[PDB]
Amino acid sequence: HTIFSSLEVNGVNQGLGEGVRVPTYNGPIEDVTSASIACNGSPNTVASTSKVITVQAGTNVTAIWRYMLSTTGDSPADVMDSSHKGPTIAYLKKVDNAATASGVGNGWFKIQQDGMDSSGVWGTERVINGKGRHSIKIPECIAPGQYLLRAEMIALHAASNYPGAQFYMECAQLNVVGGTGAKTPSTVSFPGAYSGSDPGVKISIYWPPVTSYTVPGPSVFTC
Ligand SMILES: *[C@@H]1O[C@H](CO)[C@@H](O[C@@H]2O[C@H](CO)[C@@H](O)[C@H](O)[C@H]2NC(C)=O)[C@H](O)[C@H]1NC(C)=O
Ligand SMILES: [Cu+2]
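Further remarks concern the pattern of salt bridges. In the structure shown here, the tally under the stated rule is 5 salt bridges. The partner of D117 in a salt bridge is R126, with the nearest N and O atoms 3.0 Å apart. For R126, a relative accessible area of 29% corresponds to the partly exposed category. Taking the shortest distance from any N to any O, the salt bridge between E152 and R150 comes out at 2.7 Å. Given the relative accessible area of 0%, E152 is considered buried. For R150, a relative accessible area of 0% translates into the label buried.

Below is the structure:
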């Protein structure tokens, strides 16, 4: 249970819910086929925002994850429970209007992923125990204009069977400036990318203990 409530650019945070469609409840979407898998949604309620953050291509943004919108601290308990072990992912979608685009369907291409490392530490354990910071790279070769950043952190403490995995995600509104458009990513669709039978969704992380993890979705897009 957590929420990506605020995003940081030029080293400064843009504010709670400013440029980020946030849910009022920190509940996960468990039906990968449901339209809410893209940018959250029913049975949760997501608020709208009319702020499009101006980011210059090539630079990092950092998604701040928080146990609740009213959360004020940054301790491991203020981000998410320690049991919520799993990967952390980020996508981008080219839209005409980041302030109103739904974000459901084709157009998503992966840009960051942090699953299990050689030591066996999950990406969530670093966001939780790293003050909720989820650093993400904005490529330089994509085209400039409006975009939708979909940060995500999945928990697998009960994904032994499907339904079981817990998908937490919130989408941010961006305006990429300076992109050289020197490459066109091969995009996927949300819903459609994840499947209940994928090795990353359906998985028993304790019986037996896992050592290699397969982050769902496509490969990372690199210029
Ligand atoms: C910008 O974001 C990228 C990822 O989008 C960060 O790169 C990761 O950094 C961690 C921490 O050292 C490494 O463990 C990963 O291997 C890196 N992945 C990639 C693909 O580079 C990068 O550190 C961020 N930089 C800033 C300044 O925020
Ligand atoms: Cu939870």
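This paragraph deals with the sheet that holds strand β5 (residues 60-66). Spatially, the 4 strands line up as an open sheet ordered β2-β1-β5-β8, and their pairing is antiparallel. What marks the edges here is a single partner per strand, and that holds for β2 (12-13) and β8 (133-137). In terms of strand pairing, strand β1 (residues 3-9) meets β2 through 2 bridges, oriented antiparallel. Note on β2: the bridge partner recorded for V9 is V12.

As a further point, take the packing of aromatic side chains. The way to describe two aromatic rings as a pair is by their centre distance and the angle between their planes. In the structure shown here, the tally under the stated rule is 8 aromatic pairs. Note on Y91 and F190: the rings are 4.8 Å apart at their centroids and 85 degrees apart in plane angle, and the pair reads as edge-to-face. A residue pair is termed long-range when its members are at least 10 positions apart, and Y91 in strand β6 (residues 88-94) and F190 in strand β11 (residues 188-190) qualify at 99 residues. The class for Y91 is buried, based on a relative accessible area of 0%. According to the relative accessible area criterion, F190 is buried, its value standing at 1%. With a centroid separation of 4.9 Å and an interplanar angle of 80 degrees, the aromatic rings of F190 and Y194 are classed as edge-to-face. Joined through ring pairs, the aromatic side chains of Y91, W108, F167, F190 and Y194 make up one cluster. Taking the ring centre of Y147 as reference, the NZ or CZ of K94 above it sits at 5.8 Å. Its guanidinium or amino end placed over the ring of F190, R150 lies 4.1 Å from that ring's centre, counting from NZ or CZ.

Our focus in this paragraph is the coordination of the copper ion (ligand 2). Protein coordination at the copper ion (ligand 2): the donors are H1 (N), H1 (ND1), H84 (NE2) and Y168 (OH), at 2.0 to 2.7 Å from the metal. Note that the copper ion (ligand 2) binds 4 donor atoms; their angles at the metal cover 78 to 162 degrees, and the shape is irregular. For the copper ion (ligand 2), the donor residues sit on a single chain with the sequence spacing H-x82-H-x83-Y. One end of the pair, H1, is in the segment before β1; the other, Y168, is in strand β10 (residues 166-177), with 167 residues separating them in the sequence.

Turning next to the state of the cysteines. What we call a disulfide is simply a covalent bond connecting the sulfur atoms of a pair of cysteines. In the structure shown here, the tally under the stated rule is 2 disulfides. Two residues share a disulfide in this structure: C39 and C171, whose sulfurs sit 2.0 Å from each other. The S-S bond linking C39 to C171 shows a torsion near -80 degrees; that makes this disulfide left-handed. Of this pair, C39 sits in helix α1 (residues 36-39) while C171 sits in strand β10, placing them 132 residues apart in sequence. Across this residue pair, the class does not change: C39 and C171 are buried. The cystine pairing of the chain, numbering bonded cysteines in sequence order, is 1-3, 2-4.

What counts as what
Residues numbered from 1 in each chain as written, not as in the entry; some residues may be left out. Chains lettered and ligands numbered in written order. Heavy atoms only, no water. Residues with missing side-chain atoms left out of burial classes, pairs and counts. Salt bridge = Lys/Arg side-chain N within 4 Å of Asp/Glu carboxyl O. Buried < 20%, exposed > 50% of the residue type's maximum accessible area, 1.4 Å probe, protein only. Pairing = 2+ DSSP bridges. Helix = DSSP H or I, 4+ residues; strand = E, 2+ residues; numbered from the N terminus. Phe/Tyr/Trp six-rings, centres within 6.5 Å; stacked < 30°, edge-to-face > 60°. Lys NZ or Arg CZ within 6 Å of the ring centre and 35° of its normal. Donors = N, O, S within 2.8 Å, 3.2 Å for Na, K, Ca; no water. Tetrahedral: all angles 85-135°; square planar, octahedral: opposite > 155°, others 65-115°. Disulfide = S-S within 2.5 Å.

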